[PDB]
Structures are given as structure tokens and as C-alpha cells.
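S.K.: Here you go, one structure.
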Amino acid sequence: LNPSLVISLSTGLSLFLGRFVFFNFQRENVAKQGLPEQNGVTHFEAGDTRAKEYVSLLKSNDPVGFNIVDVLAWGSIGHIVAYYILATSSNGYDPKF
Amino acid sequence: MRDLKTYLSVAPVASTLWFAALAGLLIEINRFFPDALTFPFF
Amino acid sequence: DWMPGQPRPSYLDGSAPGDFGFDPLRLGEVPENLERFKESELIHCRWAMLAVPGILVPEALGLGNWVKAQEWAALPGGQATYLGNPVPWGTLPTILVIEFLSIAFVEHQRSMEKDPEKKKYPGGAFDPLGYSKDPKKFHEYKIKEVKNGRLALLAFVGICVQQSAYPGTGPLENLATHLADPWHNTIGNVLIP
Amino acid sequence: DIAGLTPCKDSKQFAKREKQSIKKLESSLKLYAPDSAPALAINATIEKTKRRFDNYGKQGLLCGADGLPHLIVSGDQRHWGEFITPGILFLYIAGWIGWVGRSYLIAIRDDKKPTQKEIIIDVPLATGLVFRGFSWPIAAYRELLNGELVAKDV
Amino acid sequence: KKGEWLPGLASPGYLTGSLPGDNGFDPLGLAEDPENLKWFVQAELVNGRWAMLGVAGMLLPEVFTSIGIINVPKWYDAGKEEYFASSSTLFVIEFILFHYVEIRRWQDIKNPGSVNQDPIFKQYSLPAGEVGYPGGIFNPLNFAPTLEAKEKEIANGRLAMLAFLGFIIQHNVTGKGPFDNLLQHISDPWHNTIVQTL
Ligand code: CLA
Ligand SMILES: CC(/C=C/C=C(C)/C=C/[C@@]12O[C@]1(C)C[C@@H](O)CC2(C)C)=C\C=C\C=C(C)\C=C\C=C(C)\C=C\[C@@]12O[C@]1(C)C[C@@H](O)CC2(C)C
Ligand SMILES: CC1=C(/C=C/C(C)=C/C=C/C(C)=C\C=C/C=C(C)/C=C/C=C(C)/C=C/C2=C(C)CCCC2(C)C)C(C)(C)CCC1
Ligand SMILES: CC1=C(/C=C/C(C)=C/C=CC(/C)=C/C=C/C=C(C)\C=C\C=C(C)\C=C\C2=C(C)CCCC2(C)C)C(C)(C)CCC1
């Protein structure tokens, strides 16, 4: 009901899940999938300057590598689910058994 | 006789005789049970 | 052998616990698929075995059937009831989030393993009584586990299909109505209305 | 009833169409002599029409708002006589034809000049072969199971 | 002399008289393949045995009730008479039992000898007989399975199958049991035949 409470709780919980539960799984999957490549070379290696990975802002001081991009991602997931909860709880819709 | 049989079994002649017989059979079946739109026996 | 007189698949010898050569569709042809299949089978068997008593025991008591006990959630004021008393945190969004989080964490922790024998039979913290000491007695326990698990899976299938056949009834109710008049009240009326 | 249609026996537009058809046929009859060959032919046609409509009502066909019979082919057991048992009959006859022709082709495939027996049909062999189509449903089934219906190596 | 179904016609080569009842009758050539012949012999055995049992069941009760000993209904209408159990219950029980026994028979047919053993009591196995002819417990009186008796079985089964076909067609066209038809024909054979029936 209280939008701030629900949003903050859900976002913090999603960040906790990303940081402590699914962290290693996601890192392993992104490692094994790798960068997108064309004709065997990555997009940057083919001459696409803008395809270069932004190595600057991706690095972090977190012990395990939790950086900016994944805080954005997990917080976005948390907010999406939080607003789904809020809208659906205040919608007043009721199915009939 | 033998050559008459041979020519009488050549594709066109055999086909025309077969189709004449089939047409006659179907015509008689329709005549006995005309205007049949379903199979009512079972 | 699952079928006296039918030749057995080559990749199923009979050494695995519960191997009876049943694989008509030959799904376990590839060994790396067969290992995952074995783990999945044990997980399903364990869930069904831990569930079926859960479907039956509360029904035997003065509570509703397995489908009525999970109908309170469809109401605007849904609130759960355990052993005849209303639980406090019974409202749906709670139960839902707590269950999702606990199950996700436990399942991920389970999947973070690559033995792959402890993948199916982990042990340690999950074997307090320590029944896995004698390697051959452990094998017969494995056989009994898989057999009872398959039986429980079949029982759960029967429960669900009965529920579909007669909506709003429970397995014990079906058993009681069968015992009331065996011959007339059977599956036949369902098969041939 | 099914698809909002009504039985032809109790339908009204069906009866109206029946009456109109008979009226149209009778209109021509009154012109000729009462007992001439054209009059007899027209009377026979009228009787045929009456019998047809009575039979359609009898078999229990469904009639739409147009007043014409409609065929249900969904599989309803009340209408298997409309498409399913005629369908089975057609499948039997067509498989008879195809199996007999295939048997002939396979039989004549071993000669040095098979084409000669194709433009000039070897009737003696054909008369023996045509009767295999009585039991082709079994011959084809065992042909498939035995694995030689379909040409391997292709 | 293997028995000729057409004195003037030679018998097919694939038929050699080894099988009981081999009279060389196969105009359509349905057994050109040894495997097809091996399957069809078992099919004929089982069909004939079922036909014999069924025709006996339809005939004997009818004549017995006609002469006045038991009061059973006709075979065609015997389905309505209400028994101690619902019809569907009886059907499903029969389905289970037959689904077991017929699969046992099938396993015997596919690879002979693999199902001669009782699956519950490890002893009590069937004597190593031949497909379609499983002796042992199925033959308590132990009548000799001599070849001549097998031919008699085959002939009686063929007669029974013909008789069942006649039973059903006569009931469809006339509308009563076969024995009533025979009695009516005997009363006046020259005015009670298929011609007058049709
Ligand atoms: C999801 C449950 C599950 C799974 C994953 C397995 C997996 C396995 N089983 Mg098992 N089994 C099960 C349930 C299961 N079983 C049940 C319920 C029974 C009792 C009927 C058995 C009885 C059984 C025997 C007797 C044997 C096996 C064996 C095996 C292994 C080899 C067969 C194989 O590779 O196919 C893999 C199987 C699957 C991928 C599951 C198929 C799922 C498909 C897609 C859907 C099935 C449709 C189903 C009929 C729907 C019913 C619905 C209802 C309305 C009726 C394998 C590891 C053999 C073995 O060697 O054991 C080690 C063996 O002999 N099973
Ligand atoms: C199985 C069978 C009958 C079984 C009957 C049963 C169980 C009846 C049961 C009941 O009655 C009771 C007891 C009590 C009743 O109240 C109820 C019912 C339920 C009704 C008959 C088979 C009957 C089978 C028949 C008639 C088969 C005929 C086959 C023929 C003629 C084939 C001939 C040829 O095949 C050859 C041999 C060679 C080929 O090359 C050429 C051709 C010509 C094709
Ligand atoms: C320092 C640190 C810490 C902490 C920290 C924090 C707490 C922070 C943060 C943060 C956060 C917490 C973040 C977040 C998030 C993010 C983002 C980036 C997001 C998002 C979302 C979105 C964007 C959405 C949108 C939408 C829309 C608009 C539409 C509709 C609705 C929705 C929702 C869908 C600690 C002490 C623990 C430890 C050490 C380190
Ligand atoms: C029931 C029905 C229906 C439907 C159905 C369906 C949809 C199904 C199917 C089907 C299918 C899916 C089929 C298939 C097939 C396949 C294949 C693969 C095959 C084959 C065959 C062959 C190949 C043959 C050959 C031959 C013969 C045998 C004949 C003659 C000779 C020859 C050689 C030609 C409907 C509803 C409409 C209506 C009603 C009826």
C-alpha cells in the first residue's frame, strides 16, 4: 500500500538477490556467452569504434565485481516488480471461483 | 486373332473399354439409388 | 525387467538403482542426457513422496481436500488456516514472496554442484542418521527410494486425474465412495458416461 | 440443433421448396395429353422428386435457413452417414486402385522392355492382379511392417 | 495329397502342407511372406477358437430355452438384461484382464519361449511347446496334441467362423435368433429361404 515502503523493500531485495544469490550464475553465463562477434572477430576488432566495450565504468571496488551496470539492472527489476505489486494490489480486480 | 487381342489391349482401347464399363456401372447404381446424399444403411 | 520377453536397451544394463530397462521412447540414449534425467527423476520422486502424505493427511483430519485448502487465496480477503487456527501472515503477497525467495535460494544452492554423484545423493548434512555406511546396503536403500518415489508419482497422477474427473472432491472421498458401493461406483462411469 | 440448423423433416422452408418444385413440374404436365409419353415422363419425374424429398426427410438431414440440406463433417456420430462412412468407402476403393496399379508396375518391372507392357496392357496378368485389392488393407499393412513398402537406399 | 480347395488348381508354393489344415486355399496370395504366414496362422487359431466359443454360447442356450430347460434371452438382446454389476464395470474389468493375458500371448508370439514361466511363483513353468499351442496347465486332461487333432480343431474353427458370420447376417436381415430361423425353415423349406426373407 505505502508506495515508498514497497518500492524500497522490493528494490533492496532484488539487489540482494543479484548480489548474493544469482551473482556467480550470471557472471558465469556472461563469461561463457562472451562478447558478440561477427566473422569470428568481436564487433570492435572488425573496425567498429563505437562497439568498444566501456572498460572504464564497468570496473568497481566491490569485492566480487558488483558494478554500476548491474546495480542499474537489478534495481530496474526490483522497481518493475514493485510497481506491478502496487498497481495490481490497488486495482481492485477480483476473479470469481 | 492374336494380333487382334494385342491391339485390343493397347492403352487407348483398353482405357476406353474400362471407362465405358465404369460409366455404365455408375449409371446403373445411380439409377437404382438416385438422389443419394448420405449412406443410411449403417 | 519391466516386460518379460522384451530385449533390454543397451545403455540400461541394470546396475543403476531402479533400472528395469523401461525406455520405449529411448530418451536416455545420450549418457549426458541420462544423468540429468536420473537427477530430475529423483527430484520429482522426492517431491511427490513428500507431497502425497501432505495431500492425504490433512484430508484425513477435519480439514478440506487438497483443492479446497488452496481456494482461500482466490478471495479479496484471503487468509490461510493451519490446523484450524488462522495464521497471521496468511495474506497472499506475503506467502508468495517468502516462498519464491526461499525456494529460489535453496534451488540455486542445490544446483551449484558438479559432482555429479552428490548431485543426486548429496549426503553429509542431509544424512544425519548416517545410513550410507555400507556401500551395498546403501544400494538397496537407493532401490527402495526410487521404487517408492515412482509409486508416489503414480499416486499423485491418480489424485490429479481423479480431481479432474470429479471436481470438488478429494482422494479419500473417492476411496470412501468406492467402498460404499464397489461395483457400480468405479472408473467405468467416468470412462463410459 | 448443430450449428443452429433444424431437422429437414420438421423444417418449413424445406417443405416450401418441395411444394414449389412439385408445382413447377406439374405446371408443364397440364399442357400435354393426360396419358401421352411426355405426360408419363413428367409424372415419373414428379414421383421421383416426391420420393427424393421424403427420403431426405427420412434420413434426418439438417436444413438451414435456406431450406437446403447441410452436411456435418466434424465427426458427430449422428452424421457419420454424411462423410465418414462414405469416406472410408472411398479410401478403400482408392487404395484398391492404387495397390492394384502398383502391383502391376512392380510385376512388369523385371522384363528387358518393361515399357512394352505399359503401352500395351498385359491383360492376363492384370486380371490376376486386380483381385489383390480386396485385401490390400492387409497387404499394405504387412508391406509397411515388413519394411519393403518404401524403397530403402533412396 | 495335401487337400485341394480346387481339384483342377495347383496349390501355392509357400504352402507345403506342414501346417495343420493346409488345403492350398489362398487365391489372394496373402501369405507370400513367411512372416505374414506365421502371423496369420496364429490369427486364424485365435479367431477360430473365439468363434467356436461364441457360436456355442449363442446357439446352445437358444436351443435349450426353445426346448424348455432354461429361460435365457436372445444373444442380440442379452446386453440389456441387468446383472449384478454395471455394464461399464464389467467392461473395464474385462479390459484389464484381457490387456494382461493378450499381452502375454503377444510376447509368446514375438519371440517364442520367453513367457513360459509364472511371473509370481518362480517354479511352475509351462512345458516348452510351440507357438499357438501352449500345453501344460492349459491342457489338464493332457489329450495328445497329435497332428490329426490339430486339423480337426482348425476345421471346426473355420466352420464356427462361417457360422458366426451367418448368425450375425441372419439376425440383421430377419430379426431373430438362428435356431428360430432353422425351425421356421424346417416347418416349410420350400417357402422359407433367403429369397422370401429378402
Ligand atoms: C519426470 C519424472 C521422471 C523422470 C525424469 C524419469 C527419468 C528416468 N526414468 Mg522413470 N518413471 C517415472 C518418472 C520419471 N522417470 C514414473 C512416474 C514411473 C512409474 C510409471 C517411472 C518408471 C520407470 C521405470 C520402470 C524405469 C524408469 C527409468 C528412467 C530412466 C531412463 C528412461 C529415460 O531416459 O527417459 C526419461 C524420462 C523423461 C524425460 C520423462 C518423460 C516426460 C514426457 C515428456 C511426458 C510424459 C507423458 C506422460 C505419459 C503424461 C501422463 C499424464 C497423465 C494424464 C496420465 C530416466 C533417468 C528406467 C531406469 O533405468 O531407471 C533408472 C526404468 O527402467 N522409470
Ligand atoms: C471371432 C469370431 C466370433 C466371436 C464371437 C463372440 C466372441 C461372441 C460372443 C457373444 O455371443 C456370445 C457368446 C453371447 C452373446 O449373447 C453376446 C456375444 C458377445 C455376441 C468370429 C470370427 C469370424 C471370422 C470370419 C467369418 C472370417 C472369414 C474369413 C474368410 C472367409 C477368408 C477367406 C480367405 O482368407 C482366405 C482363408 C485366403 C485368402 O487368400 C482369401 C480369402 C477368401 C480372403
Ligand atoms: C554503498 C554500499 C552500500 C549500500 C548502497 C546503497 C543502498 C545504494 C543504492 C542503490 C539503489 C537502490 C539503486 C537502485 C536502482 C537503480 C535503478 C537504475 C532503477 C530503476 C527502475 C526503473 C528505471 C523503472 C521504470 C519504470 C517506469 C518509468 C515505467 C513504469 C514503472 C517502471 C517501474 C517499470 C552498503 C552499505 C549496503 C554496503 C557497502 C556499499
Ligand atoms: C478423422 C477425421 C478428420 C481429420 C483427420 C486428420 C486431420 C488426420 C490425419 C492424418 C494424417 C497425418 C495422415 C497421414 C499420412 C502420412 C503418411 C506418411 C502416409 C502414407 C501412405 C502411403 C505412402 C500409401 C501408399 C499407397 C497405398 C497404401 C495406397 C495405394 C498404393 C500406394 C503405394 C500409393 C476430420 C476432422 C477432417 C473429419 C472427420 C474425419
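Chain E is numbered as in Swiss-Prot, which gives 52-249 for the residues shown.
According to its header, the structure was obtained by electron microscopy, 2.7 Å.
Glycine residues also receive a Cβ, built from the backbone N, Cα and C atoms like all the rest.
So Swiss-Prot lists these for the protein:
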type	residues	note
BINDING	E:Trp56	chlorophyll b 1 binding site
BINDING	E:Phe76, E:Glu95, E:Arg209	chlorophyll a 1 binding site
BINDING	E:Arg100, E:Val143	chlorophyll b 2 binding site
BINDING	E:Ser137, E:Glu153	chlorophyll b 3 binding site
BINDING	E:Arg156	chlorophyll b 4 binding site
BINDING	E:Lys203, E:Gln221	chlorophyll a 5 binding site
BINDING	E:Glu204	chlorophyll a 3 binding site
BINDING	E:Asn207	chlorophyll a 4 binding site
BINDING	E:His236	chlorophyll a 6 binding site
TRANSMEM	E:101-121	transmembrane segment
S.K.: Taking Cβ distances under 8 Å as the criterion, give the subset of the binding-site residues E:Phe76, E:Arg100, E:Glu153, E:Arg156 near chain C, ordered by sequence.
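M.R.: Listed in sequence order, the binding-site residues near chain C come to none.
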S.K.: Which has the fewest other Cβ atoms within 10 Å: E:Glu95, E:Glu153, E:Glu204, the binding-site residues listed?
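M.R.: So among E:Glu95, E:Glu153, E:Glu204, the binding-site residues given, the one with the fewest Cβ atoms within 10 Å is E:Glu153.
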S.K.: Using Cβ atoms only, which of the binding-site residues E:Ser137, E:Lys203, E:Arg209 are under 8 Å from chain D?
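M.R.: Listed binding-site residues meeting the cut-off: none at all.
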S.K.: Show, in sequence order, which residues other than E:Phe76, E:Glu95, E:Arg209 on the same chain lie with their Cβ within 8 Å of the centre of the Cβ atoms of the chlorophyll a 1 site.
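M.R.: Counting only non-site residues, the set is E:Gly72, E:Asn74, E:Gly99, E:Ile205, E:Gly208.
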S.K.: When a 10 Å sphere is centred on the Cβ of E:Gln221 (chlorophyll a 5 binding site), how many other Cβ atoms does it contain?
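M.R.: E:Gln221 (chlorophyll a 5 binding site): 18 neighbouring Cβ atoms within 10 Å.
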S.K.: Taking the Cα of E:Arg100 (chlorophyll b 2 binding site) as the centre, which of the binding-site residues listed as E:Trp56, E:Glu204, E:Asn207, E:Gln221 lie within 10 Å of it?
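M.R.: If one measures from the Cα of E:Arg100 (chlorophyll b 2 binding site), the binding-site residues that come within 10 Å are E:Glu204, E:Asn207.
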S.K.: Which one is it, among the binding-site residues E:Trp56, E:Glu153, E:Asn207, that lies nearest to E:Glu95 (chlorophyll a 1 binding site) by Cα separation?
M.R.: E:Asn207
S.K.: Taking the residues the record says bind chlorophyll a 1 (E:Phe76, E:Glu95, E:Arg209), how far apart in Å are the two Cα atoms that sit farthest from each other?
M.R.: 14
S.K.: Between E:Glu153 (chlorophyll b 3 binding site) and E:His236 (chlorophyll a 6 binding site), find the distance joining the two CA atoms and give it rounded to the nearest Å.
M.R.: 40
S.K.: Can you tell which of E:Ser137, E:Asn207 has the most other C-beta atoms within 10 Å, given these are the binding-site residues?
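M.R.: Of the binding-site residues E:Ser137, E:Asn207, the highest Cβ count within 10 Å belongs to E:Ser137.
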S.K.: Rank the binding-site residues E:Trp56, E:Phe76 by how many other Cβ atoms lie within 10 Å of each Cβ and give me the one with the fewest.
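M.R.: Output over binding-site residues E:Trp56, E:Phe76: least Cβ neighbours within 10 Å is E:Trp56.
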S.K.: What is the nearest of the binding-site residues E:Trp56, E:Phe76, E:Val143, E:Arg209, E:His236 to E:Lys203 (chlorophyll a 5 binding site), using the Cα of each?
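M.R.: Ranked by Cα distance from E:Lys203 (chlorophyll a 5 binding site), first place goes to E:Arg209.
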